[PDB]
>>> print(open('final_2.pdb').read())   # PDB, C-alpha atoms
ATOM      1  CA  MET K   1     124.375  16.009  23.584  1.00  0.00           C
ATOM      2  CA  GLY K   2     125.681  18.950  21.597  1.00  0.00           C
ATOM      3  CA  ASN K   3     127.078  22.416  22.259  1.00  0.00           C
ATOM      4  CA  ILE K   4     125.449  24.765  24.766  1.00  0.00           C
ATOM      5  CA  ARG K   5     125.797  28.047  22.856  1.00  0.00           C
ATOM      6  CA  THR K   6     124.058  30.878  24.702  1.00  0.00           C
ATOM      7  CA  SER K   7     126.776  32.766  26.612  1.00  0.00           C
ATOM      8  CA  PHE K   8     127.599  34.743  23.461  1.00  0.00           C
ATOM      9  CA  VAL K   9     124.090  36.224  23.474  1.00  0.00           C
ATOM     10  CA  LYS K  10     124.674  37.214  27.091  1.00  0.00           C
ATOM     11  CA  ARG K  11     127.895  38.950  26.032  1.00  0.00           C
ATOM     12  CA  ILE K  12     125.982  41.008  23.455  1.00  0.00           C
ATOM     13  CA  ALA K  13     123.493  41.941  26.175  1.00  0.00           C
ATOM     14  CA  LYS K  14     126.365  43.040  28.419  1.00  0.00           C
ATOM     15  CA  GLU K  15     127.911  45.130  25.633  1.00  0.00           C
ATOM     16  CA  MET K  16     124.517  46.721  24.961  1.00  0.00           C
ATOM     17  CA  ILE K  17     123.692  47.516  28.590  1.00  0.00           C
ATOM     18  CA  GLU K  18     127.138  48.347  29.974  1.00  0.00           C
ATOM     19  CA  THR K  19     127.569  51.162  27.442  1.00  0.00           C
ATOM     20  CA  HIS K  20     125.056  53.151  29.492  1.00  0.00           C
ATOM     21  CA  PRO K  21     124.923  52.716  33.324  1.00  0.00           C
ATOM     22  CA  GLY K  22     121.176  53.388  33.281  1.00  0.00           C
ATOM     23  CA  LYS K  23     120.682  49.972  34.792  1.00  0.00           C
ATOM     24  CA  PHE K  24     118.335  48.463  37.385  1.00  0.00           C
ATOM     25  CA  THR K  25     115.206  50.541  36.830  1.00  0.00           C
ATOM     26  CA  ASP K  26     113.227  47.256  36.958  1.00  0.00           C
ATOM     27  CA  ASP K  27     110.788  48.438  34.288  1.00  0.00           C
ATOM     28  CA  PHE K  28     110.140  47.032  30.808  1.00  0.00           C
ATOM     29  CA  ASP K  29     109.939  50.476  29.208  1.00  0.00           C
ATOM     30  CA  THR K  30     113.335  51.401  30.608  1.00  0.00           C
ATOM     31  CA  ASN K  31     115.058  48.286  29.272  1.00  0.00           C
ATOM     32  CA  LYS K  32     113.219  48.775  25.977  1.00  0.00           C
ATOM     33  CA  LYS K  33     114.686  52.246  25.480  1.00  0.00           C
ATOM     34  CA  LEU K  34     118.047  51.065  26.841  1.00  0.00           C
ATOM     35  CA  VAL K  35     118.194  48.541  23.999  1.00  0.00           C
ATOM     36  CA  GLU K  36     116.925  50.911  21.310  1.00  0.00           C
ATOM     37  CA  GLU K  37     119.384  53.705  22.135  1.00  0.00           C
ATOM     38  CA  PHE K  38     122.253  51.312  21.441  1.00  0.00           C
ATOM     39  CA  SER K  39     121.197  48.181  19.510  1.00  0.00           C
ATOM     40  CA  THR K  40     124.019  45.997  18.204  1.00  0.00           C
ATOM     41  CA  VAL K  41     121.963  42.853  17.686  1.00  0.00           C
ATOM     42  CA  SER K  42     120.777  41.414  14.375  1.00  0.00           C
ATOM     43  CA  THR K  43     117.297  39.953  13.801  1.00  0.00           C
ATOM     44  CA  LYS K  44     114.612  42.475  14.725  1.00  0.00           C
ATOM     45  CA  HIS K  45     112.410  40.089  16.731  1.00  0.00           C
ATOM     46  CA  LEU K  46     115.476  38.968  18.682  1.00  0.00           C
ATOM     47  CA  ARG K  47     115.456  42.394  20.334  1.00  0.00           C
ATOM     48  CA  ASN K  48     112.413  41.185  22.280  1.00  0.00           C
ATOM     49  CA  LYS K  49     114.456  38.443  23.919  1.00  0.00           C
ATOM     50  CA  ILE K  50     117.183  40.965  24.714  1.00  0.00           C
ATOM     51  CA  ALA K  51     114.757  43.388  26.381  1.00  0.00           C
ATOM     52  CA  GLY K  52     113.195  40.555  28.354  1.00  0.00           C
ATOM     53  CA  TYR K  53     116.647  39.253  29.239  1.00  0.00           C
ATOM     54  CA  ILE K  54     117.658  42.567  30.837  1.00  0.00           C
ATOM     55  CA  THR K  55     114.429  42.801  32.832  1.00  0.00           C
ATOM     56  CA  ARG K  56     115.014  39.196  33.954  1.00  0.00           C
ATOM     57  CA  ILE K  57     118.574  39.878  35.137  1.00  0.00           C
ATOM     58  CA  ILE K  58     117.401  42.990  36.985  1.00  0.00           C
ATOM     59  CA  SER K  59     114.467  41.332  38.771  1.00  0.00           C
ATOM     60  CA  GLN K  60     116.656  38.454  39.966  1.00  0.00           C
ATOM     61  CA  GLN K  61     119.472  40.820  40.944  1.00  0.00           C
ATOM     62  CA  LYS K  62     117.394  42.581  43.589  1.00  0.00           C
TER      63      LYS K  62
END
>>> encode(input="final_2.pdb", output="structure tokens")
Amino acid sequence: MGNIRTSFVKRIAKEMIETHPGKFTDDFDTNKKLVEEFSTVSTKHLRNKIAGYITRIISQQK
């Protein structure tokens, strides 16, 4: 096996979301704008995974 390496991405997500408590609106558009109003992640297509990640956390949270 090797290293896991994924928790750091989760930390970036936290930093991005937690800067604005507009959380748990369980909509893709909401999380989209939530990401775009902050955005601290490199790689433009990686933003997609971030937006989906938020939505995923939210849907499982409820």
>>> atom_distance(input="final_2.pdb", atom1="atom CA of residue 34 of chain K", atom2="atom CA of residue 4 of chain K")
27.4 Å
>>> residues_around(input="final_2.pdb", residues="segment 39-41 of chain K", least_positions_apart="6", cutoff="9 Å", atoms="all atoms listed in the file", output="VMD selection string")
chain K and resid 12 to 13 15 to 16 47 50
>>> write_last_selection(input="final_2.pdb", atoms="C-alpha atoms", output="short mmCIF file (atom, residue, chain, number, x, y, z; two decimals), in the coordinates of the input")
data_model
loop_
_atom_site.label_atom_id
_atom_site.label_comp_id
_atom_site.auth_asym_id
_atom_site.auth_seq_id
_atom_site.Cartn_x
_atom_site.Cartn_y
_atom_site.Cartn_z
CA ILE K 12 125.98 41.01 23.46
CA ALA K 13 123.49 41.94 26.18
CA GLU K 15 127.91 45.13 25.63
CA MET K 16 124.52 46.72 24.96
CA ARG K 47 115.46 42.39 20.33
CA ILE K 50 117.18 40.96 24.71
#
>>> resolve_selection(input="final_2.pdb", expression="the PyMOL selection byres ((chain K and resi 62) around 12)", output="PDB file with C-alpha atoms, in the coordinates of the input")
ATOM      1  CA  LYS K  23     120.682  49.972  34.792  1.00  0.00           C
ATOM      2  CA  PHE K  24     118.335  48.463  37.385  1.00  0.00           C
ATOM      3  CA  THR K  25     115.206  50.541  36.830  1.00  0.00           C
ATOM      4  CA  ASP K  26     113.227  47.256  36.958  1.00  0.00           C
ATOM      5  CA  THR K  55     114.429  42.801  32.832  1.00  0.00           C
ATOM      6  CA  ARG K  56     115.014  39.196  33.954  1.00  0.00           C
ATOM      7  CA  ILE K  57     118.574  39.878  35.137  1.00  0.00           C
ATOM      8  CA  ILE K  58     117.401  42.990  36.985  1.00  0.00           C
ATOM      9  CA  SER K  59     114.467  41.332  38.771  1.00  0.00           C
ATOM     10  CA  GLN K  60     116.656  38.454  39.966  1.00  0.00           C
ATOM     11  CA  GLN K  61     119.472  40.820  40.944  1.00  0.00           C
TER      12      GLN K  61
END
>>> residues_around(input="final_2.pdb", residues="residue 31 of chain K", least_positions_apart="3", cutoff="7 Å", atoms="all atoms listed in the file", output="PyMOL selection string")
chain K and resi 27-28+34-35+51+54-55
>>> axis_aligned_box(input="final_2.pdb", around="segment 17-25 of chain K", padding_each_side="4 Å", output="JSON")
{"center_x": 121.4, "center_y": 50.5, "center_z": 32.4, "size_x": 20.4, "size_y": 13.9, "size_z": 17.9}
>>> atom_distance(input="final_2.pdb", atom1="atom CA of residue 5 of chain K", atom2="atom CA of residue 52 of chain K")
18.6 Å
>>> decode(input="final_2.pdb", residues="chain K", atoms="C-alpha atoms", output="PDB file, in the first residue's frame")
ATOM      1  CA  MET K   1       0.000   0.000   0.000  1.00  0.00           C
ATOM      2  CA  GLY K   2       0.917   3.669  -0.044  1.00  0.00           C
ATOM      3  CA  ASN K   3      -0.240   6.895   1.584  1.00  0.00           C
ATOM      4  CA  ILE K   4      -3.931   7.768   1.853  1.00  0.00           C
ATOM      5  CA  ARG K   5      -3.742  11.501   1.099  1.00  0.00           C
ATOM      6  CA  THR K   6      -7.221  13.020   0.900  1.00  0.00           C
ATOM      7  CA  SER K   7      -7.883  14.672   4.281  1.00  0.00           C
ATOM      8  CA  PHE K   8      -5.991  17.769   3.123  1.00  0.00           C
ATOM      9  CA  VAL K   9      -8.564  18.311   0.368  1.00  0.00           C
ATOM     10  CA  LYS K  10     -11.258  18.059   3.029  1.00  0.00           C
ATOM     11  CA  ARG K  11      -9.442  20.742   5.033  1.00  0.00           C
ATOM     12  CA  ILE K  12      -9.510  23.087   2.029  1.00  0.00           C
ATOM     13  CA  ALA K  13     -13.237  22.403   1.690  1.00  0.00           C
ATOM     14  CA  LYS K  14     -13.723  23.258   5.368  1.00  0.00           C
ATOM     15  CA  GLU K  15     -11.740  26.492   5.011  1.00  0.00           C
ATOM     16  CA  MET K  16     -13.803  27.402   1.943  1.00  0.00           C
ATOM     17  CA  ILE K  17     -17.204  26.650   3.475  1.00  0.00           C
ATOM     18  CA  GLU K  18     -16.641  27.696   7.090  1.00  0.00           C
ATOM     19  CA  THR K  19     -15.762  31.245   6.015  1.00  0.00           C
ATOM     20  CA  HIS K  20     -19.463  31.751   5.291  1.00  0.00           C
ATOM     21  CA  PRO K  21     -22.110  29.968   7.460  1.00  0.00           C
ATOM     22  CA  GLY K  22     -24.436  29.741   4.454  1.00  0.00           C
ATOM     23  CA  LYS K  23     -24.362  25.995   4.849  1.00  0.00           C
ATOM     24  CA  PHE K  24     -26.894  23.174   4.469  1.00  0.00           C
ATOM     25  CA  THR K  25     -29.098  24.544   1.698  1.00  0.00           C
ATOM     26  CA  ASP K  26     -28.906  21.071   0.082  1.00  0.00           C
ATOM     27  CA  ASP K  27     -28.833  22.534  -3.429  1.00  0.00           C
ATOM     28  CA  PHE K  28     -26.098  22.345  -6.074  1.00  0.00           C
ATOM     29  CA  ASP K  29     -26.503  25.990  -7.078  1.00  0.00           C
ATOM     30  CA  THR K  30     -26.019  27.104  -3.490  1.00  0.00           C
ATOM     31  CA  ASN K  31     -22.797  25.144  -3.010  1.00  0.00           C
ATOM     32  CA  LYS K  32     -21.650  26.338  -6.436  1.00  0.00           C
ATOM     33  CA  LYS K  33     -21.938  29.995  -5.444  1.00  0.00           C
ATOM     34  CA  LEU K  34     -20.560  29.206  -1.976  1.00  0.00           C
ATOM     35  CA  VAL K  35     -17.375  27.957  -3.639  1.00  0.00           C
ATOM     36  CA  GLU K  36     -17.138  30.771  -6.185  1.00  0.00           C
ATOM     37  CA  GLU K  37     -17.543  33.572  -3.630  1.00  0.00           C
ATOM     38  CA  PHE K  38     -14.451  32.299  -1.824  1.00  0.00           C
ATOM     39  CA  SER K  39     -12.333  29.904  -3.928  1.00  0.00           C
ATOM     40  CA  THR K  40      -8.915  29.027  -2.518  1.00  0.00           C
ATOM     41  CA  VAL K  41      -8.360  25.892  -4.578  1.00  0.00           C
ATOM     42  CA  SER K  42      -6.031  25.490  -7.553  1.00  0.00           C
ATOM     43  CA  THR K  43      -6.931  23.578 -10.733  1.00  0.00           C
ATOM     44  CA  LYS K  44     -10.141  24.928 -12.249  1.00  0.00           C
ATOM     45  CA  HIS K  45     -11.801  21.553 -12.893  1.00  0.00           C
ATOM     46  CA  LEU K  46     -11.037  20.541  -9.307  1.00  0.00           C
ATOM     47  CA  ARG K  47     -13.674  23.058  -8.224  1.00  0.00           C
ATOM     48  CA  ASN K  48     -16.252  20.580  -9.539  1.00  0.00           C
ATOM     49  CA  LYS K  49     -15.149  17.977  -7.013  1.00  0.00           C
ATOM     50  CA  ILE K  50     -15.269  20.602  -4.270  1.00  0.00           C
ATOM     51  CA  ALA K  51     -18.828  21.658  -5.138  1.00  0.00           C
ATOM     52  CA  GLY K  52     -19.923  18.034  -5.304  1.00  0.00           C
ATOM     53  CA  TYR K  53     -18.102  17.323  -2.052  1.00  0.00           C
ATOM     54  CA  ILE K  54     -20.083  19.993  -0.179  1.00  0.00           C
ATOM     55  CA  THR K  55     -23.403  18.764  -1.566  1.00  0.00           C
ATOM     56  CA  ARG K  56     -22.373  15.230  -0.546  1.00  0.00           C
ATOM     57  CA  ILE K  57     -21.540  16.238   3.036  1.00  0.00           C
ATOM     58  CA  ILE K  58     -24.825  18.139   3.302  1.00  0.00           C
ATOM     59  CA  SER K  59     -27.039  15.336   1.964  1.00  0.00           C
ATOM     60  CA  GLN K  60     -25.477  12.799   4.338  1.00  0.00           C
ATOM     61  CA  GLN K  61     -25.615  15.238   7.256  1.00  0.00           C
ATOM     62  CA  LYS K  62     -29.408  15.425   7.229  1.00  0.00           C
TER      63      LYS K  62
END
